[PDB]
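A short write-up of the structure that comes next.
Each chain gets a letter, A, B and so on, in the order its sequence line appears, and its residues count up from 1. Just so it is clear, the values below take in all heavy atoms, side chains as well, and ignore hydrogens, waters and symmetry mates.
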Amino acid sequence: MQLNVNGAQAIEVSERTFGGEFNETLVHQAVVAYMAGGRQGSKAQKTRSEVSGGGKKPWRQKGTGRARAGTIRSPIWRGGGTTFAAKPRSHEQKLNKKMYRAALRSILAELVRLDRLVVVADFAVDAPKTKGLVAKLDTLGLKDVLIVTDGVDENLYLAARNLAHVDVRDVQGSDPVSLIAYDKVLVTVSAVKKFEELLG
Amino acid sequence: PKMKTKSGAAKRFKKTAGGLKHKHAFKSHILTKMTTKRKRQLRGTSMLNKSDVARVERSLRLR
Amino acid sequence: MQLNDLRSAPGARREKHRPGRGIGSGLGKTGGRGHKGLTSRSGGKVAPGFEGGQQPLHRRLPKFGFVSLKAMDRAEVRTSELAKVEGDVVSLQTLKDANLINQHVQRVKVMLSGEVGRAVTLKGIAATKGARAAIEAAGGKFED
Amino acid sequence: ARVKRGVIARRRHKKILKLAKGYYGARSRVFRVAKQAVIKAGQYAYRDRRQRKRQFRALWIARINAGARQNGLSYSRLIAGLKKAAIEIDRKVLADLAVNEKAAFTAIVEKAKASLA
RNA sequence: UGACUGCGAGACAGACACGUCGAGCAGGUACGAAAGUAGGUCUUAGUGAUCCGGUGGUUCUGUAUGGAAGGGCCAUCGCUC
RNA sequence: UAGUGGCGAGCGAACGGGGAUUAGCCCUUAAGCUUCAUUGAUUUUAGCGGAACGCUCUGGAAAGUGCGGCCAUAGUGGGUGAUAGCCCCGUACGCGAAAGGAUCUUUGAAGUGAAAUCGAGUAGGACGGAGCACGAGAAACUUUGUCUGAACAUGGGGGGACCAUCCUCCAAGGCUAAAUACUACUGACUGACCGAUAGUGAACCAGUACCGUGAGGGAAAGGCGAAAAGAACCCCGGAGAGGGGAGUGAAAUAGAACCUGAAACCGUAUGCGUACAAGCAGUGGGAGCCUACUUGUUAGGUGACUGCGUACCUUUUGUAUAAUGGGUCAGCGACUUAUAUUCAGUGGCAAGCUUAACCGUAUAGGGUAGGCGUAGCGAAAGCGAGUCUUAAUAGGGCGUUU
Ligand SMILES: [Mg+2]
Ligand SMILES: [Mg+2]
Ligand SMILES: [Mg+2]
Ligand SMILES: [Mg+2]
Ligand SMILES: [Mg+2]
Ligand SMILES: [Mg+2]
Ligand SMILES: [Mg+2]
Ligand SMILES: [Mg+2]
Ligand SMILES: [Mg+2]
Ligand SMILES: [Mg+2]
Ligand SMILES: [Mg+2]
Ligand SMILES: [Mg+2]
Ligand SMILES: [Mg+2]
Ligand SMILES: [Mg+2]
Ligand SMILES: [Mg+2]
Ligand SMILES: [Mg+2]
Ligand SMILES: [Mg+2]
Ligand SMILES: [Mg+2]
Ligand SMILES: [Mg+2]
Ligand SMILES: [Mg+2]
Ligand SMILES: [Mg+2]
Ligand SMILES: [Mg+2]
Ligand SMILES: [Mg+2]
Ligand SMILES: [Mg+2]
Ligand SMILES: [Mg+2]
Ligand SMILES: [Mg+2]
Ligand SMILES: [Mg+2]
Ligand SMILES: [Mg+2]
Ligand SMILES: [Mg+2]
Ligand SMILES: [Mg+2]
Ligand SMILES: [Mg+2]
């Protein structure tokens, strides 16, 4: 199909990548898999075994009139173990390589259909100045934007670091979540072609 | 950890396309008193009965 | 497409059962375990193969056969798989390069299953009568 | 991750106790006593929707019996007469006439008496 | 010497494991002149799974190779278990 | 999986393959390692600088409202009288060591490795054990408590009983980094971790109080306010306790047992009911009275009198049961998680599908070793859309038309 470029004329892109249908359930799975892959998973509680003390039987089994107790660290007791105490566990799901690519194709096709994809011939800043990038993005009329370049420039990375709603990513770094979250996805022509090789 | 197949079940039930084969009982050591027809029809393999498949399928770790 | 506008398909995801969470859930007060017995107990599980103390089926029946150690190095390649090899010569190493047999396989036999797409040479590989006819029909040949 | 039950549990218990308003002693103050009283009152209320229809009909029939016997008829003979002469005035309205509109009730009884013989 | 060898359509019975009946086909017989009959006994009890070990066969396997051992397969023996 | 196993419950390889690391040196005496010099590199133990905001409204207080700016290699940090990129401390970034520690290095010196000089009470064997996944098994191999006991490369060990042939190695002398394990300790960063009955037993002067002869066991207990501005003074009272004013404060029913301030439980006030009346205490009907406006087809409170009506849980054939459990309230308290797996649903790809470890300016991409599938039958050799049984190409079993 045809992808319009702000600077130059429209270019021809792959239908498989930029014009496929939107698989919402697959895009949902990739987004859920991506968010599960970012969890630290670092917590724990203590079971009855791991709480301090509690070796001795608090009173004899029969005769005292109390309910029978084996330990003062029963999860029934205040200050006892957590019945099913958590341990550090991993939350990352497996996503098939082709499942991930198909979700990326759905996201890219939907971004074009929603006019949220901006294609420019190139995007480079001269000095690592945030003020310079703000001026460049204001000419394009972009405020909340994900900038995708074939190779992340060192000056471009520094200029966008403190910007509130601006993110600069390599093609490999363009996850499904960032392609959906940001209001616009400004992409260079070089990154569009690099997208085509990966997903087509 | 990974499931451990019951060793004894695997030695008595072969998995083929079509079920689990097994030999027959009562062919071991008291055979003079048995008719030839009975001993000949108790020879060879056989497919597992419908009611025993799930139980044996669980003894082997195929379920 | 929005992060607060994404769903899985109906039936893709479901809630898990939560037993013992009141009358209305349908799983309250026993968790679907019934009233008493071993199966209702915490940790109450019946061992696989256990028939209640009756002689189990995995012990009523006799052990039979032996496993073939000689058959652990063999593989069967279908005639439909011969066209997926590279270099017009089907061999032991060329079948491993095509990922059609495992690395440990030391002897291969071809049997008639599918159509031989292109003429190929079978070098050191056995074949059935039907497979041999099909391979030579497509223009192939055999080498010792 | 960790979920405290205090706010939700308090809302549950307060709904029950608010329904137990006016009950005696612990039935209006103590949750696990008030809970039983609110359930039992609900069982009664469901059963007394049925019983109310029976109770009112028995009251209408008794008043119709008293009103018709003042006019020389028993209840059973008046109902049979009100079927012979096709009068479909029901017992709720008939019992209201027998008390509040006695001349109207007398006319109906005479219409039933004529129909019988 | 049919108290045969391979089987076996189809059934009965039955939780399973077991169990029962069996026309017919092939091989090889016995009796009868022959059609035929015979896969034990008028029928229904006389019995014991697996494991393990033993004996007779076997074109199977044989831890470098050839053998062998050992294992498998078929037949069969050892429980008032 | 092979195997092992009262062949029960269980135990459980290796070959081969993919990776991480990579290194070999000597007994005609080395690679290394240690120590002491020594040449340079870093690094650590204090620190320094570090941008850019005003007016206005509400307000006790502005960081919040509205308007208009500026910095950003510094914008989701912590505070400041409510929510701050620009108020403070910081942050990105750039500098910094008199002195000590440490790590890499360049040379040098000894020391060691070092057993000397190629391995004899050794290999092998018998008995009894142990280990090898292998429980005596047909039991190789390692090891040794007892007892024995070689050969010398024309020799010896192993290849899972054992023999022959072949292949492969050279034991009875040594040293050797990396990839690997762990964290009491120090620092930074982080969390779909907790937030005072949680989280450490311990947020608080906690391994304390307390209990125990002792080993040992083992608590409870956080919050005024922005700021003590913590209430001068007067009055009652015992020169009390505690209050009433005054004052402070935005707020004192924020007054120090102090944020909020629930429930059980205990009171005071008002309204109605209640001393001829029998029981799960309600529910249906229902008069009167009281209150409030909407002034009677209304709302609220009470409720005479009357129909019906023996709590709940559990467990049971069956419970008002005189069977069980609960004095009440508040808080806590029980189907989880990991790894293998089957079925279903819903997706990706499709005669293919998928990777594991691992690599990877790292959720991408690579890695296709492996697993499942595309062929079955047979105990198996094997044959193969067939195969097994069998004398049988006959019957029959399983398989093949997806
Ligand atoms: Mg705790
Ligand atoms: Mg990957
Ligand atoms: Mg046998
Ligand atoms: Mg139900
Ligand atoms: Mg129970
Ligand atoms: Mg029972
Ligand atoms: Mg039961
Ligand atoms: Mg492969
Ligand atoms: Mg051999
Ligand atoms: Mg044998
Ligand atoms: Mg500053
Ligand atoms: Mg405040
Ligand atoms: Mg030596
Ligand atoms: Mg020895
Ligand atoms: Mg030796
Ligand atoms: Mg050998
Ligand atoms: Mg050595
Ligand atoms: Mg605590
Ligand atoms: Mg609190
Ligand atoms: Mg004031
Ligand atoms: Mg406060
Ligand atoms: Mg307070
Ligand atoms: Mg009275
Ligand atoms: Mg009384
Ligand atoms: Mg009413
Ligand atoms: Mg009654
Ligand atoms: Mg009873
Ligand atoms: Mg009853
Ligand atoms: Mg009771
Ligand atoms: Mg009683
Ligand atoms: Mg009690």
Go along nucleotides 204-211 of chain F 5' to 3' and tag each nucleotide: B for a protein heavy atom under 4.0 Å from its base, S when only backbone or sugar atoms are that close, - otherwise. ---B----
Counting primed atoms, P, OP1 and OP2 as sugar-phosphate and everything else as base, the B/S/- map of nucleotides 58-75 of chain E against protein heavy atoms under 4.0 Å is ---SS--------BSSSS
Below 3.5 Å is the cut-off: list the nitrogen or oxygen pairs between protein and nucleotides 361-367 of chain F, distance only.
from	atom 1	to	atom 2	distance (Å)
F:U363	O2	A:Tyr34	O	3.3
F:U363	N3	A:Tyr34	O	2.8
F:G365	OP1	A:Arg101	NE	2.7
F:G365	OP1	A:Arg101	NH2	3.2
F:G366	OP2	A:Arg101	NH2	2.8
F:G367	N7	A:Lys97	NZ	3.4
F:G367	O6	A:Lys97	NZ	3.2

Listed pairs, N/O of protein and of nucleotides 349-351 of chain F, under 3.5 Å:
from	atom 1	to	atom 2	distance (Å)
F:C349	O2'	A:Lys98	NZ	3.4

Please list, for nucleotides 261-266 of chain F, all pairs of protein and nucleotide N/O atoms separated by less than 3.5 Å.
from	atom 1	to	atom 2	distance (Å)
F:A262	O2'	D:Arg10	NE	3.3

Return the polar atom pairs (N/O with N/O) between nucleotides 383-393 of chain F and the protein under 3.5 Å, or none.
from	atom 1	to	atom 2	distance (Å)
F:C383	OP2	C:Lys109	NZ	3.4
F:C383	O5'	C:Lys109	NZ	3.3
F:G384	OP1	C:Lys129	N	3.4
F:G384	OP2	C:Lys109	NZ	2.9
F:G384	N7	C:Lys109	NZ	3.1
F:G384	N1	C:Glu76	OE1	2.8
F:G384	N2	C:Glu76	OE1	3.3
F:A385	OP2	C:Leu112	N	3.1
F:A385	OP2	C:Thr128	OG1	2.7

Below 3.5 Å between N/O atoms, which protein atoms pair up with nucleotides 88-92 of chain F? Just atom names and distances, please.
from	atom 1	to	atom 2	distance (Å)
F:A92	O2'	A:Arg161	NH2	2.6

Please tabulate, one pair per line, each protein N/O and nucleotide N/O from nucleotides 371-373 of chain F that are separated by under 3.5 Å, including the distance.
from	atom 1	to	atom 2	distance (Å)
F:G371	OP2	C:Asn102	ND2	2.9

Secondary-structure notation, RNA chain E, from Watson-Crick and G-U pairs under 3.5 angstrom (| other strand): ...((((..(((......)))..)))).(((....))).............(((((((.((..||||..)))))))))...
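Shown here, F:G94 forms a base pair with F:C48; the pair counts as Watson-Crick or G-U wobble because both key distances fall under 3.5 Å.
Of the residues in residues 33-52 of chain D, none lies under 4.0 Å from RNA chain E by heavy-atom distance. A heavy-atom distance below 4.0 Å to RNA chain F is reached by these residues of residues 51-63 of chain B, ordered by number: B:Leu62, B:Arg63. Within residues 42-59 of chain C, the residues having any heavy atom closer than 4.0 Å to RNA chain F are, in order of number, C:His58, C:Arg59.
A negative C1'-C2'-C3'-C4' dihedral is found for the sugar of F:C170, placing it in the south range.
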